[PDB]
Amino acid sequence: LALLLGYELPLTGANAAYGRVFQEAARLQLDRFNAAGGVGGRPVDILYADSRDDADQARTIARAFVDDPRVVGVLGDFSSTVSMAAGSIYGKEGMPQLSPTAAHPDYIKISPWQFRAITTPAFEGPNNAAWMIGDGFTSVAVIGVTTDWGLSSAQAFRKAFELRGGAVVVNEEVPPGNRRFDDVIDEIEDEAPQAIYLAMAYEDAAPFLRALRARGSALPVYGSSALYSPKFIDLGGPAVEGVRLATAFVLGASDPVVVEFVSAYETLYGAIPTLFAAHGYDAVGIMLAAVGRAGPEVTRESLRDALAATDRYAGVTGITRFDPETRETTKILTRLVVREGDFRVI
């Protein structure tokens, strides 16, 4: 009698920790949903399956969910690779799939049946370029790591900035773990950009900023959501004060919708929710809301349409929309600044 949703996630293997927080978040959302009355009084239950973050295992799991007529939708997997492996089957079979974290550009292109709760890595590029233009900058220095997300986001940022009339007077690509900053700093000194945009993670950015500030530079710094971690501050100390960044999930948020989840989660699980837990929370909520609109007689086909209709979901990871044409995910990010040892909502 209860409506069924499948959920493939890694509970064993190198990525088991992610499957665990997915389940912790899922439980909270599902319980609230059913407590609220389910779908017109009809409860919803989730059938979990350990994918082990293994493509072949994900494929047999996908066949299994497809073969069970009760399963009308599948919440789906941690990695992009595994999500896509199962995605190929779901697309061909007509099963709507919602991955909370599959961020690879190609995942959404598999078929009209794939959806993601997270945004692609490049999404923050245009967002931050627009932000800096809005703050009055017309010339910037871009420093980015050579990882896939680093290059894609840096390229999207540069393109968006120049589209708005800004100039990238310094553009440096560095490898993960890089520790030499003197040359890039000299280049910033000579070109004199008005600001710096960092397409890199906290472990590399903290030492860079210590070097930048040690040499006396007072230029403002904006950066990737990859800088978002208490470690950014523990590692950079005074040097990271004033750094700006935007992110989907804000732990120290003041927006009622976010802290309620943060509070409920910490109280029930005794630990701070991670960004993965947050996206897992929103993924389940997005799915359930879609089922709610589809109603008790929901089908895989009607659920796919409802999921695609997601336009203004008030998630803990921000207001979320699925493009009516591409199904690509966009979100209203939250701008932050590091001030007095912690991230502050601007």
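Each residue number is its position in the shown sequence, starting from 1.
- For the segment pair 231-239 and 181-189, the entry gives 181-189 the higher mean B-factor, averaged over Cα atoms.
- Between the stretches 140-148 and 114-122, it is 140-148 that shows the larger average CA temperature factor.
- Taking the deposited Cα B-factors for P207, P105, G223, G73, the highest one is held by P105.
- Sorting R32, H279, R304, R321 by the CA temperature factor given in the entry leaves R32 at the top.
- Compared with the other modelled residues of the chain, the Cα B-factor recorded for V316 ranks in the lowest third.
- In the PDB entry, a CA B factor belonging to the highest third of its chain's modelled residues is recorded for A14.
- When all modelled residues of the chain are sorted by CA temperature factor, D135 is found within the middle third.
- When the CA B factors of the chain's modelled residues are split into thirds, the value for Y269 lands in the highest one.
- Ranked by Cα temperature factor within the chain, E340 sits in the highest third according to the deposited record.
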